[PDB]
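Coordinates in review
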Amino acid sequence: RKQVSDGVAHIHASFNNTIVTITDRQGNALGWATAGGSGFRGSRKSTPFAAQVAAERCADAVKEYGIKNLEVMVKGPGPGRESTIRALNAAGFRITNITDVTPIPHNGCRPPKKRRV
Amino acid sequence: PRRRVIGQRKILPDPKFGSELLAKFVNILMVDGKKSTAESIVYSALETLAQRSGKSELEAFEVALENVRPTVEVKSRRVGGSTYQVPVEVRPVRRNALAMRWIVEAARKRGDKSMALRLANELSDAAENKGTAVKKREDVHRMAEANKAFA
Amino acid sequence: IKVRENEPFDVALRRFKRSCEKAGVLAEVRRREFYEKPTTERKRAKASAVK
RNA sequence: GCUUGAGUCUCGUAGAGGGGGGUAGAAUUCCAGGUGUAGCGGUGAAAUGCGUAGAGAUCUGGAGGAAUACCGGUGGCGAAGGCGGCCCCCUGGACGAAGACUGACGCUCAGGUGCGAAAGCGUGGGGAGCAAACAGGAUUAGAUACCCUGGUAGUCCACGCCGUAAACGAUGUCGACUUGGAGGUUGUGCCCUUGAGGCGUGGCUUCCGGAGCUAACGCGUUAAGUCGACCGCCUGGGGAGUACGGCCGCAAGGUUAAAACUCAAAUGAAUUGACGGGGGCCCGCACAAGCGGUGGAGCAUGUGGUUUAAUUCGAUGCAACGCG
């Protein structure tokens, strides 16, 4: 179906969850998979293992497109992200670019207070 | 074990088959320091195991014990103020030690007549891996398979 | 930010992000505007950097 | 009168000094649209919350507000509060080089006047994020908290008020003298500049230390050393920086400022120890790895209690309870 043959893997690692979205070069999503949607709810959805099985599961569900090349775009910090791109070249993809696209303000908005734990 | 790294003591092999593996199996089975009784039970039970399966003695034992050896097991950490059940790879001596402990314990659980029949039927139920010790191995492997996310 | 490589490639080896963004810069902008704790955190950081 | 104090002029230097105006780029939120699909978010774990009315992720376009990553530095400037993108306009101070000029014009300062973070107040705007109050979810014995999800005043602008802070180098201002070392920053002079050098001479500043001082801790040419001038303030702890009165303030409150009564201490610095849900290193059947028990049953024996005429006395966390 529609046979795009090149895409972008936007991986959005945060501290609590990694969410991998495989799209095309136009930016239209072709299929996604989160670490929290792969079993292991909770303290286990923020691990490199959960991110890699999230990326394995996002490599599935884009078989209908015949993607061979993809760029990787990485957001946020997280226990994910590093393992995530590994799972992508464990799934036959030719990984072309690895950009880190974490949003950094140039002293913009005030961050929240928190955490007197 | 706080300081002292240790050696280990050498067990005498089995007086019928020369197997230190099976010698440790009669030590796992032994209760109250009665070794003669336990080796009688092991010789009777493995003798009917060799007669039933028709293979031989200690390769029927080695198959029936090969189906119950754990691969990896969970283990508590308590490092970050939390209780984790991490999976960890079992050492070979601990591997077959756990194998024998589960066979013997499951054989004590059974409801047959004599201990040689309970353990002969437990090793026979472990030869086609359908007994209780294989459910203990699958249980351990479900715990270490569910919690795979910690390594 | 980008990396690419020709066909002799095996490993990610992108330690461009142990250079700039990941470790410090995003973990710093998770928490409060002070003016006060940074003046003392930098004061004791430059007072610790001593022989 | 005089120039060694103070000041003026010439030429430059560095600077987040101030006020006004403009603009730029990242990011957050919102709105509209494309793809796409079952979760997202959150936590120690959860739940509230958002989500098949299509969220989160992702791309495009727009709006708006605030703050200005990197440079960034015990770096700089300012009397202090404080001041951080870039550009323009108006403007204050400092420092340096040589020379000229005035000629003690100086120092401090009670009352007085001005400036004075943040929160707060008034009027009018603005309102993206954050967030007192507030609401819900948790946690808990309780939880009017810490944690989570939302969230209003406020934070932002204009003008006025307030007038305070651990407004702190807890160190008033001005001047003079008194061994050193390593830096930072900003000038300037000289020498083959034979380079990212060598030798000096100023301004500001950081760390360590000598004499000296100090209760000690420490300060140590930027003094808490050695002196001089003027000011401010102190006189045991509490009551109390409170009440009354005055002045100020829209208010909140600010400032000035007692007494009765009560205690024989309150305090500073340092020492020894003990302790810590502080840190480092180390041990023991301490935990872990195992095996067998106890707690359940009947009996033995000891104890508490009860009973009794008496149920002899003693032992009572560990280290009393088949103990004397």
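As recorded in the entry header, the structure was determined using cryo-EM to a resolution of 5.7 Å.

Per the PDB entry, chain C is named 30S ribosomal protein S21, and its organism is Escherichia coli. Looking at the PDB record, one finds the entry titled "Structure of the SmrB-bound E. coli disome - collided 70S ribosome". In its Function (literature references left out) section, the UniProt record describing chain C reads: "Probbly involved in recognition of ribosome rescue factor SmrB in stalled/collided disomes; fusion of protein fragments to its N-terminus decreases ribosome rescue in the presence of SmrB." Reading the Subunit (literature references left out) entry of the UniProt record for chain C gives the comment "Part of the 30S ribosomal subunit. In stalled ribosomes contacts ribosome rescue factor SmrB."

Per the PDB entry, chain A carries the name 30S ribosomal protein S11 and comes from Escherichia coli.

So, on to unusual backbone geometry. Residues and elements named next belong to chain A. We note that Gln3 has phi near 55 degrees; this positive angle belongs to a residue other than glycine. Locating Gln3 in the fold gives a position in the segment before β1 (6–13). The exposure class assigned to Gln3 is exposed, which follows from its relative accessible area of 52%. Here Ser5, not a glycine, exhibits a phi torsion of approximately 65 degrees, which is positive. With respect to the element layout, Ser5 can be found in the segment before β1. Since its relative accessible area comes to 39%, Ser5 is described here as partly exposed.

Attention now moves to the packing of aromatic side chains. Inspection of the entire model under this criterion finds four aromatic pairs over all chains. Aromatic side chains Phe25(B) and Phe61(B) sit 5.1 Å apart centroid to centroid with 70 degrees between the ring planes, which places their arrangement in the edge-to-face category. Of this pair, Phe25(B) sits in helix α1 (residues 20–29) while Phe61(B) sits in helix α3 (residues 58–66), and the two are 36 residues apart along the sequence. For the pair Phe25(B) and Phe61(B), a shared accessibility class is recorded, and that class is buried. A cation sits over an aromatic face here: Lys16(B) above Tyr43(B), 4.3 Å from the ring centre. Against the face of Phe15(A) rests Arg30(C), its NZ or CZ located 4.4 Å from the ring centre.

All names here are of chain B. The interhelical angle for the contact between helix α4 (residues 92–109) and helix α5 (residues 115–127), taken along N-to-C directions, is 125 degrees, at an axis separation of 9 Å. As the angle between them shows, α4 and α5 are arranged oblique. Viewed along their axes, α4 and α5 form a crossing whose handedness is right-handed. Contacts between α4 and α5 pair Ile103, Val104, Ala106, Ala107, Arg108 and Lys109 from the former with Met115, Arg118, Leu119, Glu122 and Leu123 from the latter. Looking at the contact of α4 with α5 residue by residue, the class counts come to seven nonpolar, no polar and four charged.

About the thresholds
- The residue numbering used throughout counts from 1 along each chain in the order its sequence is written. It may not match the entry numbering, and residues with no coordinates are not shown.
- Following the order in which they are written, the chains are lettered starting with A and the ligands numbered starting with 1.
- Shown here is not the whole assembly but part of a larger one, and the values apply to the part shown.
- To get the side-chain values, all heavy atoms of the structure are used, and hydrogens and water are removed first.
- UniProt positions are given in the numbering used here, feature names are shortened, and annotations may be inferred rather than shown by experiment.
- Only runs of H or I of at least four residues qualify as helices and only runs of E of at least two qualify as strands under DSSP, and these elements are numbered from the N terminus.
- Between buried and exposed lies partly exposed: a residue is buried under 20% and exposed over 50% of the maximum accessible area for its type, with that area taken using a 1.4 Å probe on protein chains only.
- For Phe, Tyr and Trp, where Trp contributes only its six-membered ring, two rings pair if their centres lie within 6.5 Å, and the inter-plane angle classes them as stacked under 30 degrees, edge-to-face over 60, or tilted in between.
- Whether a charge lies above a ring is judged from NZ of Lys or CZ of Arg, which has to be within 6 Å of the ring centre and within 35 degrees of the ring normal.
- Between N-to-C directions, angles span 0 to 180 degrees; the directions come from axes that are lines fitted to C-alpha atoms, helices contributing only their stretch in contact.
- Roughly parallel here means an angle under 35 degrees, roughly antiparallel means over 145, roughly perpendicular means 65 to 115, and every remaining angle is called oblique.
- In this scheme the crossing of two helices becomes right-handed for a clockwise turn of the near helix relative to the far one and left-handed for an anticlockwise turn of less than a right angle.
- Only heavy atoms enter the contact rule, under which two residues are in contact if any of them lie within 4.5 Å.
- We call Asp, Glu, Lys and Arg charged. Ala, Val, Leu, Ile, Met, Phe, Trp, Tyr, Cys and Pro are nonpolar, and the rest, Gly among them, are polar.

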